Amino acid sequence: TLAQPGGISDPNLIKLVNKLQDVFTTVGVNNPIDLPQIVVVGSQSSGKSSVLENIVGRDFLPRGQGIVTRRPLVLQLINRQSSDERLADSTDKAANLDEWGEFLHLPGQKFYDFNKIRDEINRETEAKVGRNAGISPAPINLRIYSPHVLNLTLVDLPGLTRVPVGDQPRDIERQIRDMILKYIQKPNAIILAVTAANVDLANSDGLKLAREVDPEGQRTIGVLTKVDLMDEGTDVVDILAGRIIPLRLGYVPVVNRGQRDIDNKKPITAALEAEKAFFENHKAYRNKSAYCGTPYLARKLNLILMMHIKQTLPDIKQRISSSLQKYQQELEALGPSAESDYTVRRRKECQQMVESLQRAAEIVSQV
Ligand SMILES: Nc1nc2c(ncn2[C@@H]2O[C@H](COP(=O)(O)OP(=O)(O)CP(=O)(O)O)[C@@H](O)[C@H]2O)c(=O)[nH]1
Ligand SMILES: [Mg+2]
């Protein structure tokens, strides 16, 4: 299933939210948690779709050669607990009734087979922009339900290009740039600036665009793809050390599936093992290899999401404490437990509120 430790779907991460969500409910606070979006941005063919799908943990995004992603795909992960011929014709070994996808343009239809989700993304793409590299900003809206995911939104985007191809107009570059800016200009979006390691970092569209909207690198993570394709003897060590174009949140090198791996339908599990072995055996990456590969990028995102969840505790702690002192000061006047029917009931109301607020304050402390 989609539960994977260390990433955006870490089981402890989901449990933390549910515990805080009950705290918010006990105190009467609409959900204040506001998780950021995760957006891949970079030059065309840099491997953006592969990176984004690895964060989800299950394949569902079209990947390959040429111009592939030609419309924004806004994926909204939605947490839903558990409640067959519906999975009889499934070609996805990991299909289960607790996890499925829903497209906005196909209401009522559920996709338990993630290979069929990918097929529909490609189908819906061609239905709107054809089969000759046409691009459109109209997003494909996808909802994926699972008991193991957060209420998080991830965005796949077309890559920025230089020369129009096929049906693309002369100003396609500005159109794609403006398309991407819509999704990363928002203050909370986490920008995954994806650059292929087999091209000099100074040519990175992702880094240029990310630095325009996030000059201080408060929400930009560098992703260096295709490390396995670098010229023999060259490496990205100087980049990881912060010597070329420093990023506050740093860079993460990854090795995703090549085109032959795609044609052979190599499972993601075998691809992650091959990535791990690559860095552990490379003379330049054996050192601190735990900070290389897809698992480490998921750790950075996991920690950032923890930051935004915990970012709400201050206001909640102050609200619980101040509210607790208000009711305790009312219990002080009513006095210890013949008496007015109002006084007996108000004392009970205040007592119950104290017990609820005390139970809430301790839960926030144990986090
Ligand atoms: N060797 C190798 N190939 C990779 C790696 N990442 C992606 N590729 C290959 O590069 C190509 C691009 O993959 P993809 O994830 O679709 O890239 P993209 O950035 O989304 C393409 P688009 O800009 O058109 O949306 C594919 O052939 C894929 O197999 C990597 O780390 N190593
Ligand atoms: Mg893509």
# chains A, B, ... in the order shown; residues from 1 in each chain; ligands from 1

$ select_by_dssp --residues "stretch 14-125 of chain A" --states "alpha helix (DSSP H)" --output "mmCIF file with N, CA and C atoms, in the first residue's frame"
data_model
loop_
_atom_site.group_PDB
_atom_site.id
_atom_site.type_symbol
_atom_site.label_atom_id
_atom_site.label_comp_id
_atom_site.auth_asym_id
_atom_site.auth_seq_id
_atom_site.Cartn_x
_atom_site.Cartn_y
_atom_site.Cartn_z
ATOM 1 N N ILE A 14 0.993 10.352 9.942
ATOM 2 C CA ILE A 14 -0.465 10.349 9.877
ATOM 3 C C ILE A 14 -1.059 10.293 11.278
ATOM 4 N N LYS A 15 -0.460 9.497 12.168
ATOM 5 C CA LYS A 15 -0.971 9.392 13.531
ATOM 6 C C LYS A 15 -0.864 10.726 14.260
ATOM 7 N N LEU A 16 0.209 11.480 14.006
ATOM 8 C CA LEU A 16 0.380 12.773 14.659
ATOM 9 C C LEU A 16 -0.746 13.728 14.281
ATOM 10 N N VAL A 17 -1.081 13.791 12.992
ATOM 11 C CA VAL A 17 -2.143 14.685 12.538
ATOM 12 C C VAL A 17 -3.468 14.304 13.189
ATOM 13 N N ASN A 18 -3.821 13.016 13.140
ATOM 14 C CA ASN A 18 -5.088 12.577 13.716
ATOM 15 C C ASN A 18 -5.159 12.893 15.205
ATOM 16 N N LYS A 19 -4.040 12.751 15.920
ATOM 17 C CA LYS A 19 -4.025 13.107 17.336
ATOM 18 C C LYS A 19 -4.246 14.602 17.522
ATOM 19 N N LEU A 20 -3.595 15.425 16.699
ATOM 20 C CA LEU A 20 -3.785 16.869 16.788
ATOM 21 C C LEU A 20 -5.177 17.271 16.315
ATOM 22 N N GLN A 21 -5.707 16.584 15.299
ATOM 23 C CA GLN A 21 -7.044 16.911 14.815
ATOM 24 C C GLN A 21 -8.082 16.717 15.915
ATOM 25 N N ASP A 22 -7.925 15.669 16.728
ATOM 26 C CA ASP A 22 -8.810 15.482 17.874
ATOM 27 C C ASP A 22 -8.587 16.551 18.937
ATOM 28 N N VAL A 23 -7.348 17.025 19.098
ATOM 29 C CA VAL A 23 -7.091 18.117 20.035
ATOM 30 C C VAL A 23 -7.841 19.362 19.584
ATOM 31 N N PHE A 24 -7.740 19.679 18.294
ATOM 32 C CA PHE A 24 -8.411 20.851 17.750
ATOM 33 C C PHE A 24 -9.918 20.750 17.950
ATOM 34 N N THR A 25 -10.470 19.542 17.807
ATOM 35 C CA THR A 25 -11.910 19.354 17.945
ATOM 36 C C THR A 25 -12.347 19.511 19.396
ATOM 37 N N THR A 26 -11.545 19.009 20.340
ATOM 38 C CA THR A 26 -11.898 19.133 21.750
ATOM 39 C C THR A 26 -11.954 20.595 22.175
ATOM 40 N N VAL A 27 -11.179 21.455 21.514
ATOM 41 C CA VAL A 27 -11.113 22.868 21.867
ATOM 42 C C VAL A 27 -12.000 23.741 20.983
ATOM 43 N N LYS A 48 11.248 14.989 -14.001
ATOM 44 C CA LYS A 48 10.365 15.523 -12.970
ATOM 45 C C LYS A 48 9.288 14.518 -12.584
ATOM 46 N N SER A 49 8.613 13.934 -13.576
ATOM 47 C CA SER A 49 7.515 13.020 -13.280
ATOM 48 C C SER A 49 7.998 11.813 -12.483
ATOM 49 N N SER A 50 9.189 11.302 -12.800
ATOM 50 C CA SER A 50 9.730 10.175 -12.047
ATOM 51 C C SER A 50 9.954 10.543 -10.585
ATOM 52 N N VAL A 51 10.466 11.749 -10.335
ATOM 53 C CA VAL A 51 10.732 12.185 -8.967
ATOM 54 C C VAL A 51 9.432 12.282 -8.179
ATOM 55 N N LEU A 52 8.422 12.934 -8.759
ATOM 56 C CA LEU A 52 7.175 13.160 -8.036
ATOM 57 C C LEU A 52 6.476 11.851 -7.695
ATOM 58 N N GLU A 53 6.467 10.891 -8.624
ATOM 59 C CA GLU A 53 5.784 9.628 -8.356
ATOM 60 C C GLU A 53 6.504 8.817 -7.285
ATOM 61 N N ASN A 54 7.836 8.904 -7.219
ATOM 62 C CA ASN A 54 8.561 8.192 -6.173
ATOM 63 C C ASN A 54 8.190 8.716 -4.792
ATOM 64 N N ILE A 55 7.864 10.007 -4.688
ATOM 65 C CA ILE A 55 7.416 10.562 -3.417
ATOM 66 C C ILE A 55 6.086 9.945 -3.010
ATOM 67 N N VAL A 56 5.223 9.643 -3.982
ATOM 68 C CA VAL A 56 3.942 9.020 -3.672
ATOM 69 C C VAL A 56 4.138 7.557 -3.292
ATOM 70 N N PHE A 114 -3.493 1.475 -10.647
ATOM 71 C CA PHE A 114 -2.724 2.690 -10.886
ATOM 72 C C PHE A 114 -2.142 2.742 -12.292
ATOM 73 N N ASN A 115 -1.959 1.592 -12.948
ATOM 74 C CA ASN A 115 -1.601 1.610 -14.362
ATOM 75 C C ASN A 115 -2.707 2.240 -15.196
ATOM 76 N N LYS A 116 -3.966 2.040 -14.801
ATOM 77 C CA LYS A 116 -5.077 2.659 -15.512
ATOM 78 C C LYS A 116 -5.164 4.151 -15.214
ATOM 79 N N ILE A 117 -4.730 4.575 -14.024
ATOM 80 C CA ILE A 117 -4.654 6.003 -13.726
ATOM 81 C C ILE A 117 -3.690 6.682 -14.690
ATOM 82 N N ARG A 118 -2.507 6.092 -14.866
ATOM 83 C CA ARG A 118 -1.531 6.625 -15.809
ATOM 84 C C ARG A 118 -2.098 6.655 -17.224
ATOM 85 N N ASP A 119 -2.753 5.568 -17.641
ATOM 86 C CA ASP A 119 -3.324 5.521 -18.983
ATOM 87 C C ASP A 119 -4.332 6.645 -19.191
ATOM 88 N N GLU A 120 -5.135 6.951 -18.167
ATOM 89 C CA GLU A 120 -6.132 8.007 -18.306
ATOM 90 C C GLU A 120 -5.477 9.383 -18.366
ATOM 91 N N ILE A 121 -4.397 9.590 -17.608
ATOM 92 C CA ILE A 121 -3.675 10.856 -17.690
ATOM 93 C C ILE A 121 -3.185 11.087 -19.112
ATOM 94 N N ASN A 122 -2.622 10.048 -19.735
ATOM 95 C CA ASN A 122 -2.172 10.167 -21.116
ATOM 96 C C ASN A 122 -3.357 10.339 -22.057
ATOM 97 N N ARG A 123 -4.435 9.587 -21.820
ATOM 98 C CA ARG A 123 -5.633 9.712 -22.643
ATOM 99 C C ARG A 123 -6.226 11.111 -22.531
ATOM 100 N N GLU A 124 -6.437 11.588 -21.300
ATOM 101 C CA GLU A 124 -6.985 12.927 -21.106
ATOM 102 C C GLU A 124 -6.062 13.998 -21.671
ATOM 103 N N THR A 125 -4.750 13.758 -21.658
ATOM 104 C CA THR A 125 -3.823 14.719 -22.247
ATOM 105 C C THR A 125 -4.038 14.830 -23.751
#

$ residues_near_ligand --ligand "ligand 2" --cutoff "9 Å" --atoms "only C-alpha atoms and all ligand atoms" --output "list in words"
residues 40, 44, 45, 46, 47, 48, 49, 50, 52, 61, 62, 63, 64, 67, 68, 69, 70, 156, 157, 158 and 159 of chain A

$ closest_residue --among "A:1, A:325, A:294, A:259" --to "ligand 1" --atoms "only C-alpha atoms and all ligand atoms"
A:259

$ select_by_dssp --residues "stretch 86-293 of chain A" --states "strand (DSSP E or B)" --output "number ranges by chain"
A: 96, 99-103, 111, 140-146, 153-156, 160, 190-196, 220-225, 251-253

$ atom_distance --atom1 "atom 31 (O, counted along the ligand's line) of ligand 1" --atom2 "atom CA of residue A:225"
4.6 Å

$ residues_around --residues "stretch 303-314 of chain A" --least-positions-apart "6" --cutoff "7 Å" --atoms "only C-alpha atoms" --output "list in words"
residues 32, 33 and 35 of chain A

$ residues_around --residues "residue A:353" --least-positions-apart "5" --cutoff "10 Å" --atoms "only C-alpha atoms" --output "VMD selection string"
chain A and resid 26 to 27 323 to 324 327 to 328 347 to 348 358 to 359

$ write_last_selection --atoms "N, CA and C atoms" --output "short mmCIF file (atom, residue, chain, number, x, y, z; two decimals), in the first residue's frame"
data_model
loop_
_atom_site.label_atom_id
_atom_site.label_comp_id
_atom_site.auth_asym_id
_atom_site.auth_seq_id
_atom_site.Cartn_x
_atom_site.Cartn_y
_atom_site.Cartn_z
N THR A 26 -11.54 19.01 20.34
CA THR A 26 -11.90 19.13 21.75
C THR A 26 -11.95 20.60 22.18
N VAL A 27 -11.18 21.45 21.51
CA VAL A 27 -11.11 22.87 21.87
C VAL A 27 -12.00 23.74 20.98
N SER A 323 -7.53 29.68 28.00
CA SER A 323 -8.89 29.19 28.23
C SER A 323 -8.98 28.39 29.53
N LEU A 324 -7.93 27.65 29.87
CA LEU A 324 -7.94 26.88 31.11
C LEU A 324 -7.97 27.80 32.32
N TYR A 327 -11.67 29.18 32.96
CA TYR A 327 -12.66 28.31 33.59
C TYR A 327 -12.25 27.93 35.01
N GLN A 328 -10.95 27.75 35.26
CA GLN A 328 -10.50 27.51 36.62
C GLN A 328 -10.81 28.69 37.52
N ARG A 347 -21.19 24.71 37.48
CA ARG A 347 -20.00 24.08 38.05
C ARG A 347 -19.64 22.81 37.29
N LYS A 348 -20.65 22.03 36.90
CA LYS A 348 -20.40 20.83 36.11
C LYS A 348 -19.84 21.18 34.74
N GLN A 358 -7.36 20.06 30.05
CA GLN A 358 -6.19 19.41 30.63
C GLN A 358 -5.78 18.19 29.81
N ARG A 359 -6.76 17.38 29.40
CA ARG A 359 -6.46 16.24 28.54
C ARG A 359 -5.85 16.69 27.22
#

$ atom_distance --atom1 "atom CA of residue A:282" --atom2 "atom CA of residue A:242"
19.9 Å

$ closest_residue --among "A:145, A:100, A:60, A:111" --to "residue A:78" --atoms "only C-alpha atoms"
A:145

$ residues_around --residues "stretch 229-237 of chain A" --least-positions-apart "5" --cutoff "7 Å" --atoms "only C-alpha atoms" --output "PyMOL selection string"
chain A and resi 197-198+284
